[PDB]
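First to last, the sequence lines map onto chains Z, Y and C. Convert by adding 11 to the 1-based position in the first sequence; the result is the number in the UniProt record's numbering. Convert by adding 19 to the 1-based position in the second sequence; the result is the number in the UniProt record's numbering. Convert by adding 11 to the 1-based position in the third sequence; the result is the number in the UniProt record's numbering.
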Amino acid sequence: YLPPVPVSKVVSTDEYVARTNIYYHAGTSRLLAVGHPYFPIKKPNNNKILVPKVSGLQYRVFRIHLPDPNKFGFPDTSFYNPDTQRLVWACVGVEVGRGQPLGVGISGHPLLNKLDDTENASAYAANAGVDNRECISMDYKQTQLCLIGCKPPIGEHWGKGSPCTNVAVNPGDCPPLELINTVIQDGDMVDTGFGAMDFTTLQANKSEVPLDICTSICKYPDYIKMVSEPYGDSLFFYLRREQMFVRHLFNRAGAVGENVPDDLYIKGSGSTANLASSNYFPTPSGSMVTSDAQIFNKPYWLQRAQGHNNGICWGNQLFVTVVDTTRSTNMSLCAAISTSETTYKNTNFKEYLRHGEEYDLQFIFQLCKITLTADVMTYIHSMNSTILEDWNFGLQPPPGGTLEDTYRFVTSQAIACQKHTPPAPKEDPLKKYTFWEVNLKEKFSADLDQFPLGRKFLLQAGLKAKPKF
Amino acid sequence: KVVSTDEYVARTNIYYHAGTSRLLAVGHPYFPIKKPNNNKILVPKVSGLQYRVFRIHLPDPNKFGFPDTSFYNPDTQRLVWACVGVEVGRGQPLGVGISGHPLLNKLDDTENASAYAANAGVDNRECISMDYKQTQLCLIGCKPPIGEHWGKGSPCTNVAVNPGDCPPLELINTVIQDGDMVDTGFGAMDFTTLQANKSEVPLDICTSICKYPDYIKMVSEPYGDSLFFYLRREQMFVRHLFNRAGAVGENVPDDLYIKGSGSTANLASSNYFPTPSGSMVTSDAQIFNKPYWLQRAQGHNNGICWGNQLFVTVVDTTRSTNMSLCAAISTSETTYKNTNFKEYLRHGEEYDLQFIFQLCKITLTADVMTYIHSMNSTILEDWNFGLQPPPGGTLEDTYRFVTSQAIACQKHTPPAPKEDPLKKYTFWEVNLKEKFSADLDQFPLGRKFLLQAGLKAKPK
Amino acid sequence: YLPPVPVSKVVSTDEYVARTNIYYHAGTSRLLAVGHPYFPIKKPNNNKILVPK
Numbered sequence: 012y013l014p015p016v017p018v019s020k021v022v023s024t025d026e027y028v029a030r031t032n033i034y035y036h037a038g039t040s041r042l043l044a045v046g047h048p049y050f051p052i053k054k055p056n057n058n059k060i061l062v063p064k065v066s067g068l069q070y071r072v073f074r075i076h077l078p079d080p081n082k083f084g085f086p087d088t089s090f091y092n093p094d095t096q097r098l099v100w101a102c103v104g105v106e107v108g109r110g111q112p113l114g115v116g117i118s119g120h121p122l123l124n125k126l127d128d129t130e131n132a133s134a135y136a137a138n139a140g141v142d143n144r145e146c147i148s149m150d151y152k153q154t155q156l157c158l159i160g161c162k163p164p165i166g167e168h169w170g171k172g173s174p175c176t177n178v179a180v181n182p183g184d185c186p187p188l189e190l191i192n193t194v195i196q197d198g199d200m201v202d203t204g205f206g207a208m209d210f211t212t213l214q215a216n217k218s219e220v221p222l223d224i225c226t227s228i229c230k231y232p233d234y235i236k237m238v239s240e241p242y243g244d245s246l247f248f249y250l251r252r253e254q255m256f257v258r259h260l261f262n263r264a265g266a267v268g269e270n271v272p273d274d275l276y277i278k279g280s281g282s283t284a285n286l287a288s289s290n291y292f293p294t295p296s297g298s299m300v301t302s303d304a305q306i307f308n309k310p311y312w313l314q315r316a317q318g319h320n321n322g323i324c325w326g327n328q329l330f331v332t333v334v335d336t337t338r339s340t341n342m343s344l345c346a347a348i349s350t351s352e353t354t355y356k357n358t359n360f361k362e363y364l365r366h367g368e369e370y371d372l373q374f375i376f377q378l379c380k381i382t383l384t385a386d387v388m389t390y391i392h393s394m395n396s397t398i399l400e401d402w403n404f405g406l407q408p409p410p411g412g413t414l415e416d417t418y419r420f421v422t423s424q425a426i427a428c429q430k431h432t433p434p435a436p437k438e439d440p441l442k443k444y445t446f447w448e449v450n451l452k453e454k455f456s457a458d459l460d461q462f463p464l465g466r467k468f469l470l471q472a473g474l475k476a477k478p479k480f
Numbered sequence: 020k021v022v023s024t025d026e027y028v029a030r031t032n033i034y035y036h037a038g039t040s041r042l043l044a045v046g047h048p049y050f051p052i053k054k055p056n057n058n059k060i061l062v063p064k065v066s067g068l069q070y071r072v073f074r075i076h077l078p079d080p081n082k083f084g085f086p087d088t089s090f091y092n093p094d095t096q097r098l099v100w101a102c103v104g105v106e107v108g109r110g111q112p113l114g115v116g117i118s119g120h121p122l123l124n125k126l127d128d129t130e131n132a133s134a135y136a137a138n139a140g141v142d143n144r145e146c147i148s149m150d151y152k153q154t155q156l157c158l159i160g161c162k163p164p165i166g167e168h169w170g171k172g173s174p175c176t177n178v179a180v181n182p183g184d185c186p187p188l189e190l191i192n193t194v195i196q197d198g199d200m201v202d203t204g205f206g207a208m209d210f211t212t213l214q215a216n217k218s219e220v221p222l223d224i225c226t227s228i229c230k231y232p233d234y235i236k237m238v239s240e241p242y243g244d245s246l247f248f249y250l251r252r253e254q255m256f257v258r259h260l261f262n263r264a265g266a267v268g269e270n271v272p273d274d275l276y277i278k279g280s281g282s283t284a285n286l287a288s289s290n291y292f293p294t295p296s297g298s299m300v301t302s303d304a305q306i307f308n309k310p311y312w313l314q315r316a317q318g319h320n321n322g323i324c325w326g327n328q329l330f331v332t333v334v335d336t337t338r339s340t341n342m343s344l345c346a347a348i349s350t351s352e353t354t355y356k357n358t359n360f361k362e363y364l365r366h367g368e369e370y371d372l373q374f375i376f377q378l379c380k381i382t383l384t385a386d387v388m389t390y391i392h393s394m395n396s397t398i399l400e401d402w403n404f405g406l407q408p409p410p411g412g413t414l415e416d417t418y419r420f421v422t423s424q425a426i427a428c429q430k431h432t433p434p435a436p437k438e439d440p441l442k443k444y445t446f447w448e449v450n451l452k453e454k455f456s457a458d459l460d461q462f463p464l465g466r467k468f469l470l471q472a473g474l475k476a477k478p479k
Numbered sequence: 012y013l014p015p016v017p018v019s020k021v022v023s024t025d026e027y028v029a030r031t032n033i034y035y036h037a038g039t040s041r042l043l044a045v046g047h048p049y050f051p052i053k054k055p056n057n058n059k060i061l062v063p064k
């Protein structure tokens, strides 16, 4: 059993693609965002947000549009036929600026299910009352990551599905679990070390974790399935560093789901008449932060990636996703409602919390062309045909079929006839999925020398750009 | 006089690969679920602390005949895989579990006391949890893993043994399986056997025998095929210092010391146990999920593999975190009460494997027909040139039975589908057979090697 | 669009500059400073600083 030949066995893009002599760059001025860490702000009666909830622990999603090269002429355009061929951008090198002085922020919760210290106890604990929840906080696991590719990052999380039907679920049963892939959206939350899942559905208490994550589903990237892709065009590249260690050890307090079989221990008495809660959970503790482990503010250079794409960005479209813990510092300020009285009082001062956010992007690019034959056309048409649309061969145009001449009938609409609304803006299927946006379309330049970053590109390849006089 | 495999070995030029789907895995930290009256388990306790062991199931290469069969005689030789290469998927962000016991024998701290302790209530057991030795490992080779661990020795009849005496002492050396007990270094053994108390330890570690490799004897295989490879890494030390409280085994000679009185008359705990501290973690500490390689190994085996069959094992602390649920049997009431919340747990688990391989071809001489036959004959069992021409032509049909006069009534004989001898040993199993295929162009990884190869990538 | 040619070049200094054979050095003797960390010192009635912070 071979069994047959045709596969067709996806190939290295670098086969048919050709690299040009020309490079460009453009970059944003910069980006900044302000928001409150813990919850968003809205008018109490209204649903309209007064202030957006923002914190470092929110993921960042950057979508970047490029103008069509093939709209864009050249100083000398003769070197190719624009008819028989196309032009496509390629991404050689990338940078992430981050400017904040580095420092750690933090979160907590006013009410948290807890028993007491498990580390050292002179005597057995007390009786469980109602609601012993306390106000305690902790630091999240320190982390850095970066993500690059033309297809959105694929997330995964734990989640609840439908139990197979034999036993009718009664209230209080253990809901079965499901592993679920999904697209990644902005504002979503890093793991705290509690794992990607839905607290909202799976945690009823709503008090089991600090605020920020209670609402949403923390998610985490699966390199496997992602990297698994046949085209690899999800992500062609990435880096990561993170670390954690223990600090404290506590107990849940609540109704016991199940008791250990006795045979695993021996009956107590008196103080030991009853068994304390079995539960335990750690308190994650971030560590010493260093300037070194910083992965940013340093250039990157790509040639070969695990995927067959080499820096190809189809559809003038490009994705970057990055998350940092290091700048999480939260400044806190105070306003005085009364400036007169000279006796200090806790009454006079309201408190507010805001968090700074600092990004920048600068992207190298390379220029490339594509010859057309059928095998060509075929091969693409297999991969993603939508791509074709924005290109023009030729169209197909329709060997794939034609519209039957929509009915246009002259009516004031006051005639007894139906509505008609002139159609078709939508170019993005993913418009369902919101996230942070930037447009570059205008910013390109053809001379590296003028930019801080680029000259390194030169330096890496040397080669005086020819400023002689 | 064992020799390298590759003495006789005859290579191919040719390679295939497979990689799993992945690993779907989960389950409860502490103990498995079953109907209370019953022994029938609802749901497994699942832990990292359960030893992590997986094993290989593959087609005979000789099964596939070739577009070009030409190059060899199937008969005058055999045709035998080698492993070229290996990779594990390991995907979870890394995590912390942690534990201890709700009852514990302890007296108290050592370090800090302003005064000697008070009197001992009986059954003073307490609830504390701990961390662990911080560790990963990976284990690579074809013969069964076997852990060696303590035992209670054999009391000979010389000393008449007295109620409560010391069990004599042993190291036990015994086959490894999946889902077995990591140590924190509390001794490689079963207290459940070897500790009366049953109040001494983390529940989980109450269960069963801590186990740890024997390189040395696995080092000591004649062929070194249990594994030809592994890696081993960890970090830890102690956190705190705490006294047990229990009836005296034995006491200290006075000459070693001086005498107190009153308060000071009375014995300070000789029961002394530390409280460990497992450390911080880092990305860089990750050993996982990276191109994994050999050529030469300590053993004669190089990729020398049998039954189309191999054993795989690895362990990691790093991800040990679970997560629980707060189950509100009533959502109705809007005012808070601890009442309403049951709690459940499982530990979700994940992996994958992608591995590169070669085949090799083997002609036949006595050495061949013997040295391994010598070494082990089980493969030529699997081959047909083990011979055995038999006798035995004839018998008699007699029919029919149903006639109700009675000729002896008959045959029992499925009897021996049984082939895995060690089959009663029970542990994880992975059949791979038909996942193989040619080109790493298609296969997400070892084209890593193919670039590590290089070689021109071939046209279209 | 096509990008126009309305620009200069701003150039590496090493273009027009010329390096010589000669070198020199000088350095301070040393610097010394003393002060109070937490606040500056001044005469209570005056605004004139008694000690620099």
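In this text, a Cβ means the ideal position worked out from N, Cα and C, and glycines have one as well.
Got a sec: is the Cβ-Cβ distance from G108 of chain Z to anything in chain Y below 8 Å?
-> No, its Cβ sits nowhere closer than 8 Å to a Cβ of chain Y.
Does the distance from the CB of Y49 of chain Y to the CB of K64 of chain Y come in under 8 Å?
-> Result yes, Cβ atoms of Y49 of chain Y and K64 of chain Y sit closer than 8 Å.
Tell whether a beta-carbon distance below 8 Å holds between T24 of chain Z and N320 of chain Z.
-> Going by C-beta atoms, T24 of chain Z is nearer than 8 Å to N320 of chain Z.
Is DSSP giving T211 of chain Y helix, strand or coil here?
-> DSSP, read as helix, strand or coil, puts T211 of chain Y in helix.
Keeping to the same chain, check which residues put their C-beta closer than 8 Å to that of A139 of chain Y; ignore five residues upstream and five downstream.
-> Cβ within range, chain order: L126 and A264.
Could you please give me the residues that DSSP links to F376 of chain Z through a beta bridge?
-> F376 of chain Z pairs with Z:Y35.
Closer than 8 Å, CB to CB, is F247 of chain Z near chain Y or not?
-> No, no contact with chain Y.
Quick one: which chain C residues come within Cβ less than 9 Å of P478 of chain Z?
-> Chain C residues near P478 of chain Z: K20, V22, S23 and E26.
Among Z:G473, Z:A476, Z:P463 and Z:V22, nearest to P241 of chain Z - alpha-carbon criterion = Just measuring C-alpha positions, the residue of Z:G473, Z:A476, Z:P463 and Z:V22 sitting nearest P241 of chain Z is Z:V22.
Could you have a look at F468 of chain Z and say whether DSSP puts it in helix, strand or coil?
-> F468 of chain Z: helix per DSSP, three-state reduction.
For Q461 of chain Y, which three-state DSSP category applies?
-> It is coil, neither helix nor strand.
The stretch 142-155 of chain Y touching the stretch 182-194 of chain Y, judged by at least three CB pairs closer than 8 Å = Touching, no.
For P51 of chain Y, which three-state DSSP category applies?
-> Under the three-state reduction of DSSP, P51 of chain Y is assigned to coil, being neither helix nor strand.
Residues near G108 of chain Y by beta carbon distance below 8 Å, same chain, minus five either side | Within the same chain, Cβ atoms closer than 8 Å to the Cβ of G108 of chain Y are found at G38, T39, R41, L42, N308, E369, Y370, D371, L372 and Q373, the five residues on either side in sequence being excluded.
Please name the residue, chosen from Z:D386, Z:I323 and Z:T337, that lies closest to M299 of chain Z on a Cα-to-Cα basis.
-> The residue from Z:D386, Z:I323 and Z:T337 with its alpha-carbon nearest to that of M299 of chain Z is Z:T337.
May I ask you to verify whether the stretch 380-387 of chain Y touches the stretch 90-110 of chain Y, counting CB pairs closer than 8 Å and requiring at least 3?
-> Yes: the two stretches touch, three or more of their Cβ pairs being nearer than 8 Å.
Decide if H120 of chain Y is buried, meaning its Cβ has at least 16 other Cβ atoms within 10 Å, or exposed.
-> With 16 or more other Cβ atoms within 10 Å, it is buried.
Along the chain, where does the beta strand (DSSP E) that runs through residue 563 of chain Z open and close?
-> The displayed coordinates of chain Z run from 12 to 480. Any statement about residue 563 of chain Z would go beyond what the structure contains.
Since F330 of chain Y contacts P163 of chain Y with CB under 8 Å, what's their CB separation in whole angstroms?
-> Distance from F330 of chain Y to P163 of chain Y at the Cβ level is roughly 6 Å; contact confirmed, criterion being Cβ atoms closer than 8 Å.
Quick one, are the C-beta atoms of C229 of chain Z and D202 of chain Z less than 8 Å apart?
-> Closer than 8 Å, so yes.
What does a CB cutoff of less than 8 Å around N216 of chain Y pick up in its chain, not counting 5 residues either side in sequence?
-> Correct list, in chain order: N124, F210 and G265.
Figure out for me which residue from Z:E438, Z:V421, Z:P436 and Z:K437 has the closest Cα to the Cα of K430 of chain Z.
-> Across the set Z:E438, Z:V421, Z:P436 and Z:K437, the C-alpha of Z:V421 shows the shortest separation from the C-alpha of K430 of chain Z.
Does any CB atom of chain C fall closer than 8 Å to the CB of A101 of chain Z?
-> Chain C contact via Cβ: absent.
Does any C-beta atom of chain Z lie closer than 8 Å to the C-beta of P14 of chain C?
-> Using a Cβ-Cβ cut-off of 8 Å, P14 of chain C counts as an interface residue toward chain Z, since at least one Cβ of chain Z sits closer than that to its own.
Which residue or residues does DSSP assign as beta-bridge partners of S118 of chain Z?
-> Partner(s): Z:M149.
For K454 of chain Y and chain Z, any beta-carbon pair shorter than 8 Å?
-> Not closer than 8 Å to any Cβ of chain Z, the Cβ of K454 of chain Y fails to qualify, so no.
Cβ shell of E253 of chain Y (< 7 Å), same chain only, five flanking positions each side left out | Excluding sequence neighbours, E253 of chain Y sits near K152, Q153 and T154.
Give the range of the beta strand (DSSP E) segment to which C102 of chain Y is assigned.
-> Boundaries of the beta strand (DSSP E) around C102 of chain Y: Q96 to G108.
Span of the alpha helix (DSSP H) around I195 of chain Z | For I195 of chain Z, no alpha helix (DSSP H) segment is defined, and its DSSP state is neither H nor E.
Check whether the Cβ atoms of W100 of chain Z and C324 of chain Z sit closer than 8 Å, and answer yes or no.
-> Cβ distance < 8 Å, so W100 of chain Z and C324 of chain Z count as in contact.
Return no unless some Cβ of chain C is closer than 8 Å to the Cβ of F83 of chain Z.
-> Closer than 8 Å: yes.
Tell me, please, whether the CB atom of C185 of chain Z is closer than 8 Å to any CB atom in chain Y?
-> Interface residue, yes.
Residues of chain C with a CB under 7 Å from the CB of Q461 of chain Z: which are they?
-> Per Cβ cutoff of 7 Å: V21.
Do you know offhand how far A179 of chain Y's Cα is from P186 of chain Y's?
-> C-alpha separation (whole angstroms): 12 Å.
Cα-Cα separation, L414 of chain Z to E400 of chain Z = Their Cα atoms are separated by approximately 16 Å.
Any residues in the stretch 195-209 of chain Z with a beta carbon nearer than 7 Å to a beta carbon of chain Y? Which ones, in chain order?
-> If the cut-off is 7 Å between Cβ atoms, the stretch 195-209 of chain Z has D202, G204, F205, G206 and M208 near chain Y.
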